[PDB]
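What follows is a single structure, written as structure tokens, with notes after it.
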Amino acid sequence: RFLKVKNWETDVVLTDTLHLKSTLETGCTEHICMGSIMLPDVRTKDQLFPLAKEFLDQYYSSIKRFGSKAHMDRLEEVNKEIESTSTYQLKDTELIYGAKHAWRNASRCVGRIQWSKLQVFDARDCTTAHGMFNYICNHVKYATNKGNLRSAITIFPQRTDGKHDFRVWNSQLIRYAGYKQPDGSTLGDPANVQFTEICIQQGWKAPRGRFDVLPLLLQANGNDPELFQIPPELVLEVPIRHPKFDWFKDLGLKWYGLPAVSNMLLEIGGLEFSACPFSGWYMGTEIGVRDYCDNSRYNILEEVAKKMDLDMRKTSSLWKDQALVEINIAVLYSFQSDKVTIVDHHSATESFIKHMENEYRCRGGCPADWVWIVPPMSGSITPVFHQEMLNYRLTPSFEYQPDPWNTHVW
Amino acid sequence: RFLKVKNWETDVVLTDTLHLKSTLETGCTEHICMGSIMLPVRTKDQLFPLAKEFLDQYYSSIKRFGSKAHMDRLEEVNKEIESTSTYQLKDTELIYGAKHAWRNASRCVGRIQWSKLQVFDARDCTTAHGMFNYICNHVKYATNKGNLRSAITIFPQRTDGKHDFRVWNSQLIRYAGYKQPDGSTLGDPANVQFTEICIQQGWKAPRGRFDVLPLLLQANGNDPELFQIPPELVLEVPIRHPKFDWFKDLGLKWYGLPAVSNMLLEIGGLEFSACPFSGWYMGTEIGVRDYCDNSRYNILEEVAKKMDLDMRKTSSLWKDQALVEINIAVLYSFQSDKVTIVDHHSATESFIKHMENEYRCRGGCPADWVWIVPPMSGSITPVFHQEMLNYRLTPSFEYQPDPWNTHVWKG
Ligand code: HEM
Ligand code: HEM
Ligand SMILES: Cc1cc(N)nc2cc(-c3ccc(OCC4CCC4)c(CN)c3)ccc12
Ligand SMILES: Cc1cc(N)nc2cc(-c3ccc(OCC4CCC4)c(CN)c3)ccc12
Ligand SMILES: C[C@H](O)[C@H](O)[C@H]1CNc2nc(N)[nH]c(=O)c2N1
Ligand SMILES: C[C@H](O)[C@H](O)[C@H]1CNc2nc(N)[nH]c(=O)c2N1
Ligand SMILES: [Zn+2]
């Protein structure tokens, strides 16, 4: 039960002992593997104290003060505060550590070599949706940094009794609207049709274009959410052109520079932060492969292949594959030309292998979800394809949570 | 207890009850998923329940469960076990078992074909020369002048584990690999260790880049013996590109018949350690893995050079561009020579239809996403978006150690 992982391209073998510290469950059993399943009332006083203890133990071990006066003192202080208030508050030092380690533990994230360079914005003093809007504009501007992107998270007040949740209703701070057409097709991003309508069916007036930046729908302290438009000068966008095909410009494609996931839940020492938007920078395939070429998304392969004059009669001409490469060359070329941070899938997966070897050496392992880490194109020519990975759940963590409109006591 | 899988591109939801008939373990637990791990002497004691379970499944499939034929067969197998410690399958049971091992192979994307399998019964074989003869006939039948036909040849089952039949080749047709004193490799690097064994056993190696390996065959636990497959039985395809005339000058070719020969077939608790099986190629097996793996022929650089791509920064995606061209060439060459092949778009779409059909008629279809998704252009194939459940059903194909690590040499 001191497990080994092999890289089959290089024969490097790493021994994982970190998994023995895993706490939550994977969804698999000895009889069935659920590795490809996408998604496999508050804490009571009894549940919360062990969770705090485990977190504080690892925090004080990380600062080389395990079993110290200050350590035992903090355990006592939090234990007293839980007994008293039925919750507790993290010191700023513990909050920053917990957020950095939530990212470090995110087994589906290929970008984790950067995990220790996260800018943490403490927004626990926030009380209103206007205040949330202010914190998010500041996040967006800080992270965008005129195209030299910097990783950041903004942490809003923690769940109390679940009636007073802070939530960002958008799935990302910056996404494009989706409108179902009269005839039956979809204009804009189909993934956002429901949210685009909860915006319209709540106040928003839509340009009804192909790339309309959605408004923010912000919920403070459990109240009804409020619409806010992000200042357009804070939303950095990149028009997509190709370094060889002059007609690529005519396709009319753009994308935004800042990937900022806003719908997840951050868990630190048993406390729950239901509103914790975080951002980094894009790996090129997220836009070029998934956003543009998924059939349930912008689905542009047909149109691009036609402009390339490829033989689309048979699938064995690999015209889809050929167009796919060109689309992704253009995405990287456009971001690079406009000096907006982006990473290609070869560079990012190579970095993740180096990160894995760092984590195995200095931590005893690194939880990793191969199904998500392997890029959605050219899988086996990236080094992570040949890398065995162990997947398990460590805390602090980012977790999924239900969409708030299915839950909101309106 | 029922289980749901969702296709996130179509929202089709399927319900799995077949996983309840799974017995063998996956390697995973509630606390760790080993879904990407490559790899995660039997007594009369455990054998009759394994036999009974198989025979119950067999007689159910033929709508004779509980019949007198069913009960007599159980009785007969039971008494054959206690008196001889093993038993023999009827021909009907062998064919059923082999087809169902393929049906149950969760890493196989080609399973829509599972019921069209030609089963060759080689259980009367006794010598390596006899094995060579059976294998040649399999190769000729399966190749069918380029119109490939799925087939499996089944040699005698394990008895005491000291008399195993084994094919020491990992596939019936493979190219040799030679390590040079300067550290480079000539031929297929995956086959260096096996090539060295063949040479040690007396094979005269041509020492070229595409030398078909000899067969190394072990009957009845004896030392293995070398045989050369008749060259006229080995169908090969020279690789050229439909637009790039310089591509032929890379000197590439491949063989048409993929025939895996190192796995173990388990049926009713019986173990067939020599059971070579063959189908036809999915293009990416050759064009992505065999040609472009860094540890294989590794032709990306020279192809990208001749294409004159920007090779100075990986963000030109020169590797991705060359990879598509190589895979176009593989498909074009096989089709032009009229040798059966399937592209990864067709094969993944067939597998989705197969999988849905299996959920309807069978209650499930065990599938290993990590292996089913093709190694290029993953998310533009429909299997990428398909949730899958992986579990172990018998009859099954299993891995077994390479024979040279376990064989006791007679000398
Ligand atoms: C800075 C560069 C980063 C890159 C290139 C990157 C890359 C990625 C990619 C490609 C995915 C798969 C996403 C998808 O397919 O939708 C992912 C998932 C994820 N990323 Fe990262 N990311 C970065 C930064 C961050 C940061 C700063 C955080 C949080 C502080 C984070 C947390 C996550 C999480 C939680 C997931 C899903 C993991 C899970 O459910 O286990 N990432 N990332
Ligand atoms: C007829 C066309 C077939 C195609 C296109 C096909 C395709 C494939 C592919 C692409 C793989 C992944 C292997 C790799 O990447 O190296 C695979 C695995 C496999 N195939 Fe098929 N195959 C076919 C027929 C067969 C037949 C006839 C059998 C046996 C009777 C078979 C049994 C298997 C098994 C046992 C595996 C490994 C599965 C596991 O460990 O669960 N296949 N196949
Ligand atoms: C900071 C960051 C940077 C980046 N470049 N990319 C990122 C991608 C995600 C991400 C997006 C969508 C996801 O999928 C959600 C659906 C699957 C179930 C609901 C997940 C999965 N956790 C993660 C999160 C953060 C990212
Ligand atoms: C009939 C057939 C046709 C085809 N087109 N392709 C086929 C591929 C395999 C196959 C190839 C390589 C494998 O990998 C070996 C590694 C696992 C341990 C070492 C496995 C393993 N399950 C199966 C087996 C049969 C195939
Ligand atoms: C069904 C399957 O789990 C689903 O398509 C997953 C596969 N791998 C993925 N990998 C990444 N990085 N992102 C995804 O959205 C998905 N989707
Ligand atoms: C580490 C990883 O499990 C290993 O590289 C697997 C990944 N998926 C694969 N899928 C197929 N079809 N064939 C393979 O050899 C592999 N190798
Ligand atoms: Zn698993």
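Coordinate-derived values only; no laboratory data. All Cβ positions, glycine included, derive from the backbone under ideal geometry; neighbour counts span all protein chains shown.
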Cα gyration tensor of the stretch A:60-125 diagonalised, 5x eigenvalues square-rooted, in angstrom largest first, produces semi-axes 26, 16, 11
The answer for B:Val12, listing residues at least 5 apart or on another chain whose modeled amide H is closer than 5 Å to its amide H, is B:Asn7
Phi-derived 3J(HN,Hα) across the stretch A:189-194 with the Karplus relation (6.51, -1.76, 1.60, θ = phi - 60°), rounded Hz, x for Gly and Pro, is 8, x, 4, 10, 4, 5
Between the alpha carbon centres of the stretch B:112-174 and the stretch A:2-61 the gap in Å comes to 44
Label model pair B:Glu80, A:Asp311: point-to-point distance (7 angstrom along the Cα→beta-carbon line) in nm is 5.4
Checking the stretch B:287-356 for trypsin sites (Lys or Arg not before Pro) in a loop per DSSP with at most 14 other beta-carbon atoms within 10 Å yields B:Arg312, B:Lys313, B:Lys338
Residues of the stretch B:353-370 with backbone N under 12 Å of the label point set 7 Å from the Cα of B:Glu9 along Cα→Cβ are B:353
Diffusion coefficient in µm²/s returned for the stretch A:267-308 by Stokes-Einstein, Kirkwood Rh over C-alpha pairs, 4 °C and 1.567 mPa s, is 98
Hydrodynamic radius by Kirkwood for chain B, inverse mean 1/r across distinct Cα pairs, in Å, is 23.2
Dimensionless Rg/Rh of the stretch A:1-105, both radii on Cα and Rh by Kirkwood, sits at 1.07
For the stretch A:123-261, Rg(Cα) over 2.2 N^0.38 Å is 1.17
In whole Hz, the Karplus estimates of ³J(HN,Hα) for the stretch B:373-381 (6.51, -1.76, 1.60; θ = phi - 60°; x where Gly or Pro) are 5, x, x, 9, 6, x, 6, 8, 9
Of every Cα-Cα pair in the protein assembly as shown, the percentage lying beyond 53 Å is 20
XL table B:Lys99/B:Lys140; B:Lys116/B:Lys319; A:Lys254/A:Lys306; A:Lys117/A:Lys141; A:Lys306/B:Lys319; B:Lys140/B:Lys353; Cα-Cα > 26 Å flagged, in table order, is B:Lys116/B:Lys319; B:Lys140/B:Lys353
Between A:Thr93 and A:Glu357, the two model label points (7 Å from Cα along the beta-carbon direction) sit apart by a distance in nm of 3.4
Applied in sequence order to the stretch B:202-218, the curve 6.51 cos²θ - 1.76 cosθ + 1.60 (Karplus, θ = phi - 60°) yields integer Hz couplings, x standing for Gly and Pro, of x, 5, 8, 7, x, 6, x, 7, 9, 8, 5, 6, x, 7, 10, 10, 10
For the stretch A:148-188, the Cα convex hull volume per residue in Å³ comes to 106
For the stretch B:155-260, the count of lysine pairs 8 or more apart or interchain whose alpha-carbon atoms are under 27 Å apart comes to 5
Restricting to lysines and to Cα separations under 28 Å from A:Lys69, and discarding same-chain partners fewer than 8 apart, the set is A:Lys21, A:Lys45, A:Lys53, A:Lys80, A:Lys91, A:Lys100
Residues other than B:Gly146 with Cβ under 15 Å of its Cβ, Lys/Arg counted +1 and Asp/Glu -1, net out at +2
Here the convex hull volume per residue of the stretch B:201-333, taken over Cα atoms and given in Å³, is 158
